Structures are given as C-alpha cells and as structure tokens.
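Chain by chain, the residues run as shown.
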Protein chains: 2
Amino acid sequence: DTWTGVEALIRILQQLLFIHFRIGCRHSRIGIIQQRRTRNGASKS
Amino acid sequence: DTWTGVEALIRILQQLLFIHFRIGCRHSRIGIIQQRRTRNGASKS
C-alpha cells in the first residue's frame, strides 16, 4: 500500500476536487430543465 | 483547510511520487560522474 496508497490518493483527491468545482462552483440543474419547483409553496390554484 | 487541505494534498502526493519514480526507478548518479568510489574498500596502493 506504500505507493498504491498514494497514487490512488493522488487521484482520489484530484477526483473529488474535480467534482466540488463542477458541482459546487458550477453544478448543473439536472432535473428542473425549465420548470421552477412551484416556488417554495404557493398553495395550489 | 477544507479544499486547501486537499488541493495541496492532491499535489503533495503527486509531487512525492514524481520523485520516487525519478529517484527510485531512475535516480541520477549526481556526484560520481565517471569515478567509482574506490570500490567498497580495496586498501590504498
């Protein structure tokens, strides 16, 4: 596990960051796609 | 230290490996440069 614990830690850390920035500084709205969730709660009709 | 502890850990781990391979799988003989260290110990003259 000497290097196998580092090489996989070299990517595991880079992999995570790759998500934090692509999901924290520019996450996508997968799901809404032009469709507000009826606001927080505007009753119905 | 959330990311600052990861981004620097993403490189610190890649940086180290960069050395292990360039100093463990192909280290340089900086110092000898065509000059065996008089063998392990062949006395003198």
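Residues numbered from 1 in each chain as written, not as in the entry; some residues may be left out. Chains lettered and ligands numbered in written order. Heavy atoms only, no water.

- Structure determination for this entry is recorded as solution NMR.

**Brief notes about helix 1 (residues 4–24) of chain A**
Inference 1: With 21 residues, helix 1 of chain A should cover 30 Å at 1.5 Å per step; its first-to-last C-alpha distance of 29 Å lies within 8% of that length.
Inference 2: Every buried residue of helix 1 of chain A is listed here: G5, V6, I10, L13 and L17 of chain A. One side of helix 1 of chain A holds all its buried residues, which, seen down the axis, span an arc of 140°.
Inference 3: Of the surrounding elements, those touching the buried residues of helix 1 of chain A are helix 1 (4–24) of chain B. (Helix = DSSP H or I, 4+ residues; strand = E, 2+ residues; numbered from the N terminus. Expected span 1.5 Å × (residues − 1). Buried < 20%, exposed > 50% of the residue type's maximum accessible area, 1.4 Å probe, protein only. Arc of directions from axis to C-beta. Contact = heavy atoms within 4.5 Å.)

**Things to note about the interface of chain B and chain A**
Inference 1: Of the residues lining the interface, eight residues belong to chain B; the matching set on chain A comes to eight residues.
Inference 2: Note on chain B versus chain A: buried area summed over both sides is about 900 Å², and carbon and sulfur give 90% of it.
Inference 3: Counting the surface chain B buries against chain A, the share from its top three residues, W3, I10 and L13 of chain B, is 56%.
Inference 4: At the boundary of chain B with chain A, the tally comes to zero salt bridges.
Inference 5: For the pair chain B and chain A, the interface holds two residue pairs in polar contact. (Buried area = accessible area lost by both parts, 1.4 Å probe. Salt bridge = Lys/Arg side-chain N within 4 Å of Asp/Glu carboxyl O. Polar contact = N/O pair within 3.5 Å; in protein donor to acceptor, adjacent residues only side chain to side chain.)

**Observations concerning the relation of the copies chain B and chain A**
Inference 1: Note on the copies: chain B fits chain A at an RMSD of 0.0 Å, the axial shift is 0.0 Å, and the rotation between them is 180°. Expressed as a symmetry operation, the mapping of one chain copy onto the other fits a two-fold axis. If distances are taken from each C-alpha of chain B to the rotation axis, the shortest is found for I10 of chain B, at 2.5 Å.
Inference 2: Comparing interface residues between copies, 100% of those in chain B also sit at the interface in chain A, which points to an isologous, same-surface contact. (Least-squares fit on C-alpha atoms.)

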